[PDB]
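> First, the structure itself, so that you have it in front of you.
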Amino acid sequence: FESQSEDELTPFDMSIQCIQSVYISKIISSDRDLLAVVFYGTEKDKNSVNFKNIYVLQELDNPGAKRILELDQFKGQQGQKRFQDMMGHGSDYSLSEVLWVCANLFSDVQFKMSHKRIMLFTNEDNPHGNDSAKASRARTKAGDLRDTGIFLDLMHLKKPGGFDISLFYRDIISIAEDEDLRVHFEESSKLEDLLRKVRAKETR
Amino acid sequence: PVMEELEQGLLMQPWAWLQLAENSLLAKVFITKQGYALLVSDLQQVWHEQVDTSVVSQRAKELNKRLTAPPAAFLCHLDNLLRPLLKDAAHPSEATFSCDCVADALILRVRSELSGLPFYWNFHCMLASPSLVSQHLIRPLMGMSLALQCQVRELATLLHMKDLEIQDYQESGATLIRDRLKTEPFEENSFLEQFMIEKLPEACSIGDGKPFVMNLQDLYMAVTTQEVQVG
Amino acid sequence: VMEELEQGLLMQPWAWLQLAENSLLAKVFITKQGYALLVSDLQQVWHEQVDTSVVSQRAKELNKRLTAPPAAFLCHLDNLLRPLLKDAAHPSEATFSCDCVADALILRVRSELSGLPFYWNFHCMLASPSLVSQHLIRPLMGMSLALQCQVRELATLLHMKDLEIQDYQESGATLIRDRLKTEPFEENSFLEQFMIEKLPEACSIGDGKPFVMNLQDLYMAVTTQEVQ
Amino acid sequence: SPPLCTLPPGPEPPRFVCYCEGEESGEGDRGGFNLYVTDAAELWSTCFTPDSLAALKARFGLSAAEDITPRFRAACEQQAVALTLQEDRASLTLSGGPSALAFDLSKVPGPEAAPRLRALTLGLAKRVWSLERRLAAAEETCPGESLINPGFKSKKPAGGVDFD
Amino acid sequence: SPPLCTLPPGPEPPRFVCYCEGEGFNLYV
């Protein structure tokens with residue numbers, strides 16, 4: 001929730017905008033796709049199996065205008081304040097619980113899934129730095145998810161110092177790109193693709 | 001005795017990488033109030049120099065005239081100028097370095113600004129003697145290689161013990177849960193055969209000597225210290 | 001002609017030589033057109049490259065009654081030398097003796113062929129800095145780097161094996177043989193233990209024997225890679 | 001916070017404390033490097049001199065301009081300090097660095113050691129207060145595949161007519 | 001954590017130090 005230059009978009013607002021753009025693109029390209037929004041690191045929690053600090057804002061369901069408006073309610077500074085008031089921020093978390101919640105959400109749906117994808121919007125290269133057991137649990141959960149058939153991808157956001165994937169996220173992503181082991185001083189190039197709205201229906 | 005202390009200090013010091021105007025060198029310098037000793041190389045030839053207070057004063061007077069400094073102060077300033085560069089590179093230096101390879105000799109010119117004023121020095125390094133070159137490069141390198149071979153053997157024995165423990169676990173009515181976390185048996189011959197054809201071409205490239213200083217300096221220092229203690 | 005001898009000498013491994021209660025490290029490449037020799041004692045290095053004409057001139061003066069062409073003399077010398085350099089504790093019919101006069105080493109080899117005496121002296125002067133560097137320094141640095149890479153690979157393999165053992169430990173059973181328990185591998189702790197315990201003996205070059213016996217294939221591979 | 005350490009190491013009650021003074025940074029007053037070691041009843045100081053400093057630095061392969069404080073601090077952190085006490089002399093062995101260092105210490109006069117002991121006690125109290133306050137404050141306070149629709153290549157944006 | 005205090009505790013170096021122990025407890029300054 002901090003802006004480095006005081007004029008550029010904050011990571012949270014940019015992530016919300018990307019999610020909204022993806023929702024709008026899906027509303028036209030494919031109406032029979034499932035999208036979900038889950039927040040981790042919040043004070044409140046709501047899940048089927050009820051872990052801590054994991055909030056499932058929206059389950060896996062077809063995109064709609066109501067979800068877009070719900071996301072829009074957190075659009076800007078007033079939206080950020082409302083999000084902090086209703087949900088909270090700045091709490092400890094463990095990635096294993098988040099990944100297991102995502103797996104439970106995937107398993108909840110009954111329609112046959114052609115693809116199962118997870119998007120990680122964060123700007124923390126080393127979340128579990130002080131701890132080590134939590135990191136190992138995260139690696140084990142990521143490996144279990146990869147073996148299950150779930151593809152996880154990270155959209156690293158602005159980092160005041162610098163974002164490095166070789167610390168913890170090197171073994172977390174499904175497939176590593178040809179040149180992705182360097183330090184990224186700028187936001188992921190995939191953000192531009194996500195924000196590029198596509199208004200066209202494509203049939204399988 | 002002062003020369004002996006200078007030689008011992010030079011032997012103790014580790015190699016450092018120096019980036020001149022165009023080329024690169026591996027250098028070891030030991031400076032004391034009684035003089036200094038320097039050894040430079042470029043992986044093809046080795047030059048050595050060693051000077052005492054009188055030579056330092058004469059050279060300072062003849063190079064940078066209008067400066068009236070005792071040899072101790074000049075040596076201290078030279079150390080202050082050089083040591084930071086050798087310890088770390090790619091940092092604010094403001095100290096130009098150049099080399100001239102005259103017939104059977106080398107001249108290393110260093111230029112700096114001492115409190116905003118010019119400060120020039122020249123190292124007249126002649127070809128290093130075979131004895132010093134051997135003692136400083138060959139024997140320490142052989143010792144390092146032998147130590148690394150011993151380390152490899154120890155790691156292989158540890159891997160064999162771990163494989164035995166894994167075999168015991170498997171045979172004790174066990175069933176691995178995560179099939180992906182399945183390490184194959186370790187064979188020394190197979191590992192060496194794979195390595196020599198997969199990684200040796202890229203792992204044996206000294207280049208300009210940067211990997212040697214960046215990787216094998218602690219072992220080099222330990223081997224040199226052990227050799228000095230032995231004799 | 002001349003270049004082939006240098007390439008052969010470069011592509012040859014070091015061998016241990018014993019003479020008059022003294023040790024040497026020798027690299028020899030002998031062909032019908034001459035030979036190349038490099039001898040070191042861990043303090044100085046001497047080199048000698050010799051062609052057929054000088055071979056004949058020296059042989060006729062060392063063995064007055066020997067009537068041989070340079071090719072036959074070189075072949076006999078190679079057949080005499082290679083078995084000794086390859087391994088020791090064999091029927092060594094040749095005796096070696098090294099001496100320094102001012103700066104060059106004279107290495108005299110005396111043997112008997114068909115029961116008749118046969119002498120040959122190598123007058124090897126101090127090796128040039130370029131030759132010494134190319135033959136000892138760069139190959140040794142390459143070997144050290146390769147061994148460090150091997151150590152890193154071994155550490156990674158140990159980490160993977162430890163992860164598997166931890167998988168069994170956390171979800172599994174207990175070993176029937178409790179004596180096989182192995183402690184987790186830590187790179188820093190292992191390096192510290194090695195440095196304070198076994199480095200003094202591991203880094204003992206001695207007279208050059210361990211260098212020849214332990215790691216020579218790595219030296220040959222590094223030299224070949226440097227050539228290409 | 002000059003480097004210091006207490007011996008013998010372990011949970012046993014302390015019986016000796018060593019610290020270093022001098023080599024102050026900045027352009028202000030600078031004093032020669034020295035080591036003060038006390039059992040809380042007797043004090044030993046190096047009583048070094050510039051010639052002594054040069055000899056000590058050259059003996060252990062250390063440059064004249066080299067600073068010994070970082071090595072002392074690193075050794076104190078690693079607890080690699082050993083002591084040997086004679087009738088009127090003390091020998092200190094440091095193994096925190098690559099090469100062992102030997103230091104010789106002699107008993108300080110009582111009349112001069114007493115003010116030194118008082119100053120050391122006051123300094124220790126000040127450091128204790130400062131570090132306690134700091135701890136209290138800190139501890140608690142496939143290429144070309146669309147991401148949106150997998151299985152379909154990402155169509156390029158419609159450009160239109162672009163004259164060459 | 002035996003409590004203690006120094007006077008002056010500000011930037012000026014402390015002069016006196018006060019503490020308590022053994023709660024024959026006596027405040028020692």
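In the structure tokens, chains take letters A, B, ... by order of appearance, with residues numbered from 1 within each chain and ligands from 1 in the order shown.
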Please determine the contact residues of chain D with respect to chain B at a cut-off of 6 Å, counting only C-alpha atoms, and supply them as a list in words.
residues 61, 63, 64 and 65 of chain D
> Take the residues that were just selected and, keeping C-alpha atoms, output them as a CSV table (one decimal), in the first residue's frame.

chain,number,residue,atom,x,y,z
D,61,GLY,CA,51.9,-9.6,8.5
D,63,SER,CA,50.2,-3.2,7.3
D,64,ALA,CA,51.0,-0.1,9.3
D,65,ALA,CA,47.8,1.6,8.2
> Can you list, as a PyMOL selection string, every protein, DNA or RNA residue that comes within 12 Å of residue C:212 when you count only C-alpha atoms, leaving out same-chain residues fewer than 6 positions away?
(chain B and resi 142+145-146) or (chain C and resi 13-17+24-27+85-87+205-206+218-220)
> Now that the selection is made, can you save its residues with C-alpha atoms as a PDB file, in the first residue's frame?

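As a result, part.pdb now contains:
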ATOM      1  CA  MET B 142      48.712 -28.118  -5.663  1.00  0.00           C
ATOM      2  CA  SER B 145      43.753 -29.154  -5.399  1.00  0.00           C
ATOM      3  CA  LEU B 146      44.672 -31.957  -2.991  1.00  0.00           C
TER       4      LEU B 146
ATOM      5  CA  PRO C  13      50.787 -36.355 -17.710  1.00  0.00           C
ATOM      6  CA  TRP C  14      53.289 -35.838 -14.924  1.00  0.00           C
ATOM      7  CA  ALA C  15      55.254 -38.864 -13.718  1.00  0.00           C
ATOM      8  CA  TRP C  16      57.261 -39.489 -10.558  1.00  0.00           C
ATOM      9  CA  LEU C  17      60.995 -40.137 -10.914  1.00  0.00           C
ATOM     10  CA  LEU C  24      61.375 -35.313  -9.532  1.00  0.00           C
ATOM     11  CA  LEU C  25      58.262 -34.747 -11.640  1.00  0.00           C
ATOM     12  CA  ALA C  26      58.866 -35.450 -15.326  1.00  0.00           C
ATOM     13  CA  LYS C  27      56.874 -34.973 -18.526  1.00  0.00           C
ATOM     14  CA  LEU C  85      57.445 -43.178 -15.888  1.00  0.00           C
ATOM     15  CA  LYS C  86      54.171 -45.092 -16.239  1.00  0.00           C
ATOM     16  CA  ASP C  87      54.642 -46.978 -12.964  1.00  0.00           C
ATOM     17  CA  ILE C 205      52.220 -31.910  -1.224  1.00  0.00           C
ATOM     18  CA  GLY C 206      55.309 -33.689   0.078  1.00  0.00           C
ATOM     19  CA  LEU C 218      41.714 -34.116 -14.165  1.00  0.00           C
ATOM     20  CA  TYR C 219      44.983 -32.410 -15.114  1.00  0.00           C
ATOM     21  CA  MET C 220      44.976 -34.100 -18.525  1.00  0.00           C
TER      22      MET C 220
END
> C:104, C:5, C:141, C:81: which is nearest chain B, counting only C-alpha atoms?
C:141
> Looking only at the backbone, which of the residues in stretch 47-213 of chain B does DSSP tag as strand (DSSP E or B), as an NGL selection string?
:B and (47-52 or 95-100 or 106-114 or 117-127)
> Find the residues in chain E near chain D: any atom within 12 Å counts, using only C-alpha atoms. Write them as a count of residues only.
20
